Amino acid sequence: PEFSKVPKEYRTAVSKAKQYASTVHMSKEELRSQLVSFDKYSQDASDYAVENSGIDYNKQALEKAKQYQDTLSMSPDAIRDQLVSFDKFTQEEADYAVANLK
């Protein structure tokens, strides 16, 4: 749905989604839950924001993967499972993240 025909709330949710993605490295599902649970956006505004904020979730997975590697010295395989099972990144996002680790 085009940006100009969308409620103000959806545009504010997009602004908030961009803030979260630039600071905390969330998967689409983590961000979807954050916008509803913390910011109190409706499910529809959150669902719109996670898809329409220009977020590259492969890059989000890579940044989270680097954090796990640097803060905890977790193995690439342990990081891949954590990103999928726990953070709820897709398998392809987690595979891309770990292929770009040290």
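Just count from 1 along the sequence shown to find any residue number.
Per-chain ranking of the deposited C-alpha B factor places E63 in the middle third. In the deposited entry, the Cα temperature factor of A21 sits in the top third of values across the chain's modelled residues.
When the CA B factors of the chain's modelled residues are split into thirds, the value for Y41 lands in the highest one. When the CA B factors of the chain's modelled residues are split into thirds, the value for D87 lands in the lowest one. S73: CA B factor lies in the highest third for its chain, per the PDB record.
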